[PDB]
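Dropping a structure here in structure tokens format, bear with me for questions.
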Amino acid sequence: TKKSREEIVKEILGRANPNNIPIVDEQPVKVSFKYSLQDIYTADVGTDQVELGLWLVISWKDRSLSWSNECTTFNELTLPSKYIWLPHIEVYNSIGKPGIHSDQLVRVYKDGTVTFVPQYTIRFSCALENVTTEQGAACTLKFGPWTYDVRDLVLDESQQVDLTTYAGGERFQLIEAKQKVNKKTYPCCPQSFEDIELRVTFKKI
Amino acid sequence: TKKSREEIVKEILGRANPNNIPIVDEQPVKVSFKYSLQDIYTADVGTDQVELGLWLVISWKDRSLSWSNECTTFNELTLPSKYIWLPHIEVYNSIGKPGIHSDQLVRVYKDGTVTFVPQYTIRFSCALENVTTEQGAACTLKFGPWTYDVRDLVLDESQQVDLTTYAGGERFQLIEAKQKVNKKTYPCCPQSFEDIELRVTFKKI
Amino acid sequence: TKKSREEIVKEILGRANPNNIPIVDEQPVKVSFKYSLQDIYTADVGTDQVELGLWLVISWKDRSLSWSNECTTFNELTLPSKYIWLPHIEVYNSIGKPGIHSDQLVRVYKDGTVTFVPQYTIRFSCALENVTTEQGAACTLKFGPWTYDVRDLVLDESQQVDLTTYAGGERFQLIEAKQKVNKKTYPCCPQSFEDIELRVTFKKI
Amino acid sequence: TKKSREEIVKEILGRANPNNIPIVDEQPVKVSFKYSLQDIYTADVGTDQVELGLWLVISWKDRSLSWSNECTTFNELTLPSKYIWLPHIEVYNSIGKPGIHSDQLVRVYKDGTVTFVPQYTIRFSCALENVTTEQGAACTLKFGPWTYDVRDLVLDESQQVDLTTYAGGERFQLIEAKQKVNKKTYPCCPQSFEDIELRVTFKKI
Amino acid sequence: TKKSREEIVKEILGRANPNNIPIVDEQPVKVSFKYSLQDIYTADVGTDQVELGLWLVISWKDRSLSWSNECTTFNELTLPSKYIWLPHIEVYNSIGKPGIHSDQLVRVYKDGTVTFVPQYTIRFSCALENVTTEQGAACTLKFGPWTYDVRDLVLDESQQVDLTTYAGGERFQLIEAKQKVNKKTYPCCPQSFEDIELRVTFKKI
Amino acid sequence: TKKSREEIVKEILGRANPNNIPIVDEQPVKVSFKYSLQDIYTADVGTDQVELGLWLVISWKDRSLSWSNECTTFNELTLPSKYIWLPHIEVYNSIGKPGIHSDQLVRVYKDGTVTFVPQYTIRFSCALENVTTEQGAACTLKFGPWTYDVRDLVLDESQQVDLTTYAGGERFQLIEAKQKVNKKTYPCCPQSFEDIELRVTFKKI
Amino acid sequence: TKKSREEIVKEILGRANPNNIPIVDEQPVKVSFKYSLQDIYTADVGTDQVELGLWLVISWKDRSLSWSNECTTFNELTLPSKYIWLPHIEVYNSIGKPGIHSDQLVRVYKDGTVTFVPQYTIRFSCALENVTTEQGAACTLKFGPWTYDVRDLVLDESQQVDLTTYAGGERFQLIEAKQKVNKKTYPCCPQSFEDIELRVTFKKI
Amino acid sequence: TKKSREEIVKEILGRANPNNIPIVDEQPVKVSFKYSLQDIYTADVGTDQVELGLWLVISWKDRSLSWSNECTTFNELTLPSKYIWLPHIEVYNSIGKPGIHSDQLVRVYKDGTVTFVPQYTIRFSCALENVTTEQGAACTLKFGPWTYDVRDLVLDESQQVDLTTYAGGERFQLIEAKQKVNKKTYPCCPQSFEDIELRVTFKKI
Amino acid sequence: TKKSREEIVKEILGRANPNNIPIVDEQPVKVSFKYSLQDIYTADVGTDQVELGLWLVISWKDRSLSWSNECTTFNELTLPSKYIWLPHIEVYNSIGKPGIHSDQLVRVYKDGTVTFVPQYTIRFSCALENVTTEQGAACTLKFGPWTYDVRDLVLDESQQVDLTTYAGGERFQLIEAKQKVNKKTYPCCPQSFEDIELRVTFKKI
């Protein structure tokens, strides 16, 4: 459509950079992570797995170069996620491969900021037992870079959990959704690793 | 981010080596294998298959070249598993293709040591019968290079099995997890092959 | 710790390269230089020397070879500066040998990029006179490879000077810090040499 | 298709065993034999041969090794008969080589049990005379291992003969089909040999 | 590791040949096929499908060139199946895509002989009915090149079926496993096609 | 690509055989024929011709020789139809030369079986009259070897006609598609000839 | 194997043509379609989906060039389906992605004719209701090029449906299988599209 | 001929795969089956056997790997059926071994789809009685994987039967050809098996 | 003209290779496919066929040998398509043979990459109905190797569809052009086949 926009895409995609961390100076890359819990689709007592429909908000800043003098033009362009590098964030205890609800498209900004929000259905281990009871049940899943240590990737969160999107007539009510950031160590490695633990406590309406 | 780190990745990835065993001298490659049994998710009586959530610790040393004089820099870099060669270790009797819980990221070290730990959900043949009984039930699965003989790949293990990670409120209790290394022969080939037999004995709490 | 990381270090350090410029093709090595002026510790009227606490950001790309197929592993490793070749950048007019605040550690990246940032206390010639006056005083020191001509080493700078780190309650206020790159010639040699002139203008609060 | 299934085939086929009787302990191999008489296609008065369309149910247990821990996976795999050893059972008095209606595929089970059912058209000696008469005619053919004595192979049968499959509008009606097991001796050898004598008595409708 | 081995791989892989049948003279390629029935994992009455865990032994000779004078060196090398051409052998009546238990690795020999054994879980059509009965049930599946006629590919089998590997405590007992080679014709084509019919007869213990 | 595959093609193509029926023994060649009626594209009232988009499944077995010992290799290879002999099957009453939708490629199998499926648009004589009426209209076209008598070529069919592929929103609805095999005689020759009569009865939706 | 064959493959594959319709003159490509209904594996009342095991015979003629003078050589070569262009024929109402029973191999002939027959398991919408009743139930699925209009692709069928292959002891009996070609129009496009409607009427035995 | 084509064959044949079901994930292989009834060559009253000249269209998808970047090249290659795995589909009640009219060549496509169409002459049991009468006679033969259950192989059909190819002056007229898919169970096995029942009803002209 | 160029052509054409897939190692050939929809020339309501003027971008890599040391010379040479092997890609549902707008010339590169772009006019089945309406109409045609399965040929696409070339004053407006890659199975064959489905949705301006 717009020629101005067209040059933007081409310049960044063609000339700008291959998979590599563009930032030479000592700076780790921080990725903000937010969860919007859309719905708790199902619970399996025998399996002890629960399914969550979530969208993950991920934001990071990449270094981009401005070759052509930027003029008032197309500020944000949308591109497929494949085009650019994305973070490794994954659920530590997912029973199965997560499925993707939405297309992989990411908006990029001139400053270099990128916003990618996938929609996912994830199945993770959690005992459903006592969902019916008033107390309800609690489940926790931790998300975080598999490979990256705290040094390489720093995870940050704005708030606890986004309930607002939550479906009004979901099978299960949400007593409370929390996303607490924590740093933890593994026997594999001396480096600290940061993950966000999403603890959802819910019960049947 | 850090320019110093950036050169490291590029040098190893771009210039350093294609899929090939870099070691010319007569040295087999040893891969240490460790299992952290996260949880026994499910048992299927009709199917006679059991599902395990495990993460596999795999360590090996690859030969790398240091072109640029290494200065105090980024000691370990994380890269996707696709970038580098990984071992063939697979479960001998998996009913289905294993699924991958975590992203494929591997930490590499200047010495050339590489640590890759995938998280897996594996379904393997095992009769659930008498899980309820006090004696419990025993299952065994052997892991080992499919193609590689003992000559090419040597498998080593530090300890029996890592129970500590095991989920506290798992459906099944772990009576004992063992990883014994054994060498075995097949009618196909005169070469000895080494596999680690993971024998888990568990019962319902 | 991580075996994967361990191989990385060993491969680059042991096999990869001795002090030599790994780059055969006609390419000069560019080193980006940045100054973070931490503080102006002291001024000596009689001596006419001033002391600066700075950290120097230095980035360069070295050619590294990837022998073992890189897998997702330790992306950046940290090593002592002694291990790898570092640039000669020195202050042209330092009254005394600079002292080193921080350990000599440099992060290296797979791409081969290396980031080394030393912290230094440097004493250089500059007349303190009229520090008290509103106009303040100006000092200049030039940094650049002693031996290397522009051909061999090219110096680049991202920005003027990093004030942000500057101590809030420093004895002297910073009117402006600038790092301008300049190329200059010496009677010794017909080759052009590039240095970054750090001109700081400061006064007592 | 399924990776899990794929390993199964390969393991048994590649590594598991060559033509050899895997059973070291003193155990003869018993093969159950059953006949499903599909139809009596034709009778030749001059030739005195009769043609039967039958499928032979053959079951035996072979010893298999489970290397990889069996997980819930592909329980039964189908493979060509050529892949595994089959019994020698043949009709003692076949006028001509039997033809094979169906592909040679055999289902194998983890326990090691194998079920192979070929469909055959067999021509054997039998006088057609008096087919038209009410009494009808009787024919007998014996099936049994040619080489194997009772010691090596034991033959067993569940029932007399399977009439149900028999074509409704066959040229000849089945007065009675019987499969009696008998052990017999031959002048060649002192060992007893077991065969199943299939005696069919039929007449034209 | 060994340099000698390293050259071997590179020479065959890099220089030796693309997907093409290297044999110019009039020679069909024969592929020996063997089945090791690991276990009959499951039976589905409603589905009328049975699952087999098998490993398939496949052997063939490819023409290779020896450039460098072969010295006493690494006789057999292991490589991924993707690297070299493999035969099309597939189950004629598989309900679903077979899954692969083991990694795709194949051992190659200097003579050019190649041994590839995949482990598979295969689901094929077969009526489970009367498994409980003493007679048991019979199933047949035929394996053979889909495309290749007898002219192009010839299939051979050493023995009937490998029971030895069969799991001792499998859900189903193996009455007999057979692999008979047969040549058959299809209305599509005048050429004869060869397949191995694997007929397994099994029952519940 | 694969060297192993490469030899296969070359051996069969170069050495294996010229246009000639490779089968010396007394065996006619049977060709299975199946029709997948993709769509009835058009009807011409004046012309009284109808157009069918069909793909023809043709299978036959050719005798191939295996020179090089077949190892586990490329089971089925694809080659152009020109390379190998194909059957003469043609529509008896085609108004015009049939056009070919798909490339002429045929898969061949080691057993010698060949599967060739062309896609065709054929125009044949048939009165469209009363397509609109509820009764609809019937058309018949017979396919069969022009030259070959029943002795030389035998035609076989698995089923009546494959409706499933039929386009959902085709101009004409399919009341019933049948493929009945019939043998017929011509005054030219005393030999019986076999053809498959495809009778399609269709009407406008 | 045969050198003569080898050249054939290479010439057609390497030099002969990329995905493009080789036919410049005004000729549509006709693809004959035939269905061999192997078996009706299952019916799901709740789902209202039925599963069919079919093989599709597809034939088409592609234009090939004969560079080297063809001598008596390898007439038909087998190659992978990926190598050559195949038609888009798909089931209009498939509930799920079809699975492939057989390897994708296609036989090609010198004339350019290609025969490709895949084996498929397809799940399509159809109400099972009243399968038990004597009347039975009817299901219809239409196959045809998704994209191609009648102009581009013409579908033709030889016969109604191939019952012969149908499994003798299938769960469901086949009252009649028909493949009627029909041309239909869609609101999307003014062009006529041709599909083959496969209507199968079956009941439980 | 074409070098590009040549590499294709070699890569798939040599490197790509041995008889094994390449599909690890849980996918059954579906094979479409179509029958093109070329002609009903003969009927034998005494024998009660009928001969059909048919070609069988078989299509299946195999998993292939693309090593070399595919460029516009030879899309479909033809290879002998022996080269690749073919399905076991066989006539349940064939009186004699089917003969093959055509060479076993199969076209393969890059996507992996394979089309194999054999031409066959098949003799199956069927009473000729009352062929002369107006009502005619009906015969049924079922085709389907011998070994494979519905799970492993799924059969699908596009249409009823392809009459079009049917010879115009065949000895017998085709009243209707049908191919209905049905699933059936056998006492041997609890798994469902799918077959295509080809029911042809024909009479003398 | 240039002698240097002249040797290039001769060497590749004369000495380099016949139709054969030059790639011995296990590598499938991938062919990238792109469509540039030039114009929708016509729609035929009665015929239900639509005509597209497209050019097909096809790219693949062939293995070439460099005999003479390559010096700076003619990098890309143009040759007739007949000279080298081209892929089989064809439209599944083309009503008629496609015509060729442009000469068959292909550019080849030293790396072995080949780019061939034919211009075609294709007629495919599609209902024109409701072109006038605002909603417009949708048509789909699938392109893909006829013979080649996914194993042999892998198809890849860079983008959805190239609208830019589209004629400004075409009879029909393009609402959206998409090229989605899909893998599908056919009943003929167990192998997966990949095709690109071109779905164009257009309406009259």
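Think of it as A, B, C, D, E, F, G, H and I in the order they're written, each chain with its own count starting at 1.
Criterion: contacts are C-beta pairs under 8 Å (C-beta built on N, C-alpha and C of every residue); 3 or more make two chains touch, one makes a residue touch a chain.
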For the pairs B-H and B-D, output the one whose chains share more C-beta pairs in contact. B-D
If contact pairs are compared by residue number, which of E-I, F-H or B-H agrees with F-G in over half of them? F-H
Please tell me the distance, in whole Å, between the geometric centres of chain A and chain F computed from their C-alpha atoms. 54
CA centroids of chain D and chain F: separation to the nearest Å works out as 37
Just the number, please: Cα centre separation of chain B and chain I in whole Å. 43
Using mean CA coordinates as chain centres, what's the gap between chain G and chain H in Å? 11
Which residues of chain D are in contact with two or more other chains? 1-11, 14-18, 57, 66-68, 70, 72-76, 78-80, 100, 102-107, 110, 115, 117
For a test of understanding, state which residues of chain D touch chain H in their complex under the given definition. 1-6, 9-10, 38-39, 41-42, 53, 57, 76, 78-80, 99-107, 115, 117, 119, 121, 167, 169, 171
Across the complex, what residues on chain C touch chain A? 1-2, 5, 32, 34, 57, 59, 72-73, 75-76, 107, 109, 111, 113, 115, 117
Taking the touch rule as given, give the residues of chain A at its contact with chain C in the complex, in rising order. 20-21, 24-26, 146-148, 151-152, 188-191
Tell me, which parts of chain E touch chain I in their complex? 12-14, 16-20, 22, 80-86, 88, 90-92, 94, 97, 146-147
Quick check: in the complex, which residue numbers of chain B touch chain H? 96-97
